[PDB]
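Right, one structure below, let's go through it.
Here the Cβ is made from the backbone with ideal geometry for all residues, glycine too, and neighbour counts use every protein chain on show. Laboratory data are not the source of any read-out in this text; all were calculated from the coordinates shown.
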Ligand SMILES: CCCCCCCCCCCC(=O)OC[C@H](COP(=O)(O)OCC[N+](C)(C)C)OC(=O)CCCCCCCCCCC
């Protein structure tokens, strides 16, 4: 899948 | 003004649908082509996209009973209802545009959906409809392109309906002679030319396509090239108006500053 | 996945939801055209005035 | 020879792309519109 | 009701413009769609009042020139 | 059931009914009920069918009156 | 600093020339034609439009004193 | 879901179908990845052009002249298609 | 997938498919923020708006025309 | 085939600045590698004195036909639409009005159209219904 | 430069000329069955001049060929979307991969 | 907007937003020059729209719809013609009528949702 990783907390 | 506002509202429905259903086809083909010459035989593989284009085109073509019919037929007939020199000239321009509307709608539908496949075989085994989020607005606009004009017609086109924001001078009221004085031949003339002309165009593609190999005839090639290059207007604008506009700045820069 | 050489493309296996929705919208349009034409073919084509019932 | 790609172009006019299949269903739900209209005409009576 | 129809899409523009980094791709799209829909329902409510009941609305924020 | 043009509305009754200027003519009497019916029925095509047909026929008679006038005008122009 | 721009000699030669076009300018017939157009001809054209209509356009609250629409219609046959 | 990517197995399959369906290939001529156009398949210069124009149409690309002249074996064609970001 | 260079390019709109780890937490705050003063728009609009066709009676306007005559 | 845009000098003299034939960079082969692929430029290529008129950022130069041919075709088109207009006007082929144009009571609604008194009737009046 | 028939530099010039001939046919003719007829007619015209020794004949033919190709050129050729000139060309180009150089400004 | 100046604020920012939407894929050289083309032709229409508003202030002293529309019958025909000729030129640029229609097909460089919006119930209808 794309499984776009999540970036750091903002 | 009342006819213009009503046709303005109706056009926003079935023209947004046509753009939406065009983007549906472009996404569905895995090569993401936008050239109808690389399309063909799409009707089965994406039947829902075809239906939206079909209904939207018929609405655009002012097919009787549809929303484009209640807003566009009256505008074209109002040109003849003016009974002035300019009104008569523009009636034929509008009539041809009405006929050309059917022609380029059928040509767009044939090349994309009804033609023999021009794309690779791999494209057609992967040609699938898009998700429901894409589909949902198209269905909502599809219904608006069927009924909407009939419901809203009396608000904007009804005789005597108060719309004082759109002021019409009493000397300029022509809605009545438009509605009562035109011949019955002109009431269906846009419908005959569009439907009759569209069928003739469709037959030539399917059965007698050798007439559309216009590269043979040099006069046809020049006439085809003139319109494909958009009356050569973009060339004239860039090569003459924009080039000389920038050259004036250069001459001022060189010979003055 | 595997590619099959020479095999022709048959009629597609379009999901039933796509086909039925397409035929409902198309049938809705054709019904409306026929329904409107029946009651307005004289009014539309100038063969009868709207008040001449 | 004559049309060297003739065997390659064959699929473009066979299967789903015959003249019958391409134009079959070109009017979406046309007879369903007549059928529902027919029911309306008979039910009105 | 009139301020809802006009300025709600402008709030959707700001949120996806400056807070897009903080709410992510998925929620930014739908919150903007939420702001436009509020303008849709507000417009339809005003359409009945204006066209069918001959009611005009006017909100004068402040002087410009 | 409109056979001939109705009696003309007075100037004051046109101002009271806020009739559009372009429609302050021989048929303004039949327009007052129709615009009253149109507003109540949300201008829907099925609501005020009879009142709409009556007013449309009135403009048809006003039109045919203007057809007769132009024939009359041409006769004076032809014979002068 | 750390020379973050990759200096291009042809860019520098081209840019240096565009700044120094005045050195090579010659007041020949071509230059004289453009000087006359930009500094004499065009200012004269605007010069005569400005003083021709100096105080000749009282357009504040200008009224209509003539009818717009014709009263009678005359057929063309 | 879109087309499930494009691996060299699919690229080779869609290339063999071109050569199998191109009768100008000399009789016999086993179609192998290391097979050349001129020698193994007996294709001259103009026939090589026709094969590579069907190649660019199959994967929906446009092949430059500087790179079509260097495509002389099936494997070199397969490697070229896989080396194109927009081959579909 | 690709390389988005997200180490130092952090625009207000996100920069190439940016969804922070705590996106659910922030989304509720923004939805609360959006809803809170969306009602504020409604409360202001109902107070400030008016009907310009009902501010002056037709009898008041007849006197204006005659007096200005 | 391919021709340079207008206002491009055939010669120039700017001291020791290199003299080169003007090359419209918009026409360069886009399948070649460049140090600046978007601009189709290699590093340290000499620039024409008016290179800003002969690169990507300059207005696009359409060259399918010559400008005169495009201008001749452009005039030919609108000339037909003017001959068609002129044939009908001089011959008077447009239809006559089927009815006398609309007229209104109250001296053509003169009072309702901002007329003050009898001196300004025809100034503001619409077409007058002479038949009461 | 002069033309030497049967040379390597002649097998690339004719091959490219044949590509532009077929592509122009493809742009003009949008039906596959009709394109094959025109594609074969173009090829047979190449076969007729295939065995020519005299360069003074080839340069007359080569100059004439470009006259036909330029005259028959489609004003709106078919271009793949991600190729130069396509509808998706240069769309969402991935950014350059290079470490940022810090500066004190 | 209750007056023409407020209309002009929306008129300009439609062109601003159309510029950013057409050139949304700004690494594409074609989309970048198409966004500029749409902005500059519309800004040509804006320059005529400003002149019409300046002439409206000169003749009527106001830009409010309620004031200007009450005076329509009593104003000089030439003054009325000048203002609306300026409005006509501005209308051609946004509605892509002949003469200022070249940007319309360049606007296809934007994403299809932009086309579905700009060309249906938006900028192309502002001139109308
Ligand atoms: C009526 C007034 C409206 C005010 C509020 C509107 C929303 C504000 C959006 C701010 C965030 C933003 O767009 O700027 C930040 C984004 C960043 O790009 P990204 O999508 O994060 O991709 C990141 C990938 N890069 C790095 C390749 C882009 O854009 C840009 O730098 C793109 C350059 C154009 C600048 C756009 C400025 C628009 C200002 C409008 C002028 C009137």
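A few notes on this one:
- Listing H:59, B:45 from fewest to most neighbouring C-beta atoms within 10 Å gives H:59, B:45.
- Quotient of Cα Rg and 2.2 N^0.38 Å for region J:11-103, N being how many residues it contains: 2.14
- Per-residue mean of foreign Cβ neighbours for F:38-44 is 5 (Cβ atoms of other chains, 10 Å radius).
- Nitroxide proxy distance, nm - points 7 Å out along Cα→Cβ at residue J:57 and residue K:93: 1.5 nm
- Förster-model FRET efficiency, 51 Å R0, residue H:20 and residue G:12, C-beta, rounded to 0.05: 0.30
- The stretch between residue B:85 and residue B:26 holds 16.8 nm of extra length on full extension. This uses 0.36 nm per residue minus the Cα-Cα distance.
- Ratio of Rg to Rh over chain C (Cα coordinates, Kirkwood Rh, two decimals): 1.44
- Note on chain G: Cα-Cα pairs beyond 15 Å make up 81% of the total pair count.
- With only Cα atoms counted, region B:131-193 has Rg and Dmax values of 17.6, 54 Å.
- Axis angle, to the nearest 10 degrees, between helix I:23-48 and the longest C-alpha principal axis of chain I: 10 degrees.
- Using a Förster distance of 41 Å, the FRET efficiency for residue C:39-residue J:76 (Cβ separation, nearest 0.05): 0.25
- Degrees separating the helix D:30-44 axis from the principal Cα axis of chain D, which is the longest one: 10 degrees
- Within chain B, the proportion of Cα pairs with more than 23 Å between them is 64 percent.
- For the pair region H:24-45 and chain G, the centres of their Cα atoms are 69 angstrom apart.
- Long-range Cα-Cα pairs in the protein assembly as shown (distance over 56 Å), rounded percent: 28 percent
- Cut-off 19 Å (backbone N to label point 7 Å along Cα→Cβ of residue J:90), residues of region B:56-96: B:85-86, B:89
- Computed over chain K, relative contact order equals 28 percent, with contacts defined as Cα pairs under 8 Å that lie 6+ residues apart.
- Estimated FRET transfer efficiency (residue E:40, residue F:68; beta-carbon r; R0 41 Å; 0.05): 0.20
- Label-to-label distance, residue J:29 versus residue B:204, with points set 7 angstrom from Cα along the beta-carbon direction: 3.9 nm.
- By the helix-only formula, in which each DSSP H run with n ≥ 4 contributes -39500 (n - 2.57) and the sum is divided by residues, the protein assembly as shown has a 222 nm mean residue ellipticity of -17500 deg cm²/dmol.
- Reducing region B:38-60 and region I:48-63 to their Cα centroids gives an inter-centroid distance of 54 Å.
- For region K:53-83 and region B:110-183, distance of Cα centres in Å: 45 Å
- Fully extended contour minus Cα-Cα distance, from residue G:69 to residue G:20, at 0.36 nm per residue: 11.3 nm
- For peptides B:172-183, B:61-72, sequence by mean Cβ density within 10 Å, most packed first: B:61-72, B:172-183
- Per-residue mean of foreign Cβ neighbours for L:118-124 is 4 (Cβ atoms of other chains, 10 Å radius).
- Panel note: the C-alpha atoms of region B:158-257, placed on their principal axes, show extents of 66, 54, 18 Å (largest first).
- Taking the longest Cα principal axis of chain E as reference, the axis of helix E:20-47 is set at about 10 degrees.
- Working from label points 7 Å from Cα in the Cα-to-Cβ sense, the residue I:5 to residue I:55 distance is 5.6 nm.
- Counting only other chain Cβ atoms within 10 Å of each residue's Cβ, the peptide H:53-60 averages 6.
- The shape of chain F can be summarised by an equivalent ellipsoid whose semi-axes, obtained from the alpha carbon gyration tensor, come to 30, 15, 9 Å from longest to shortest.
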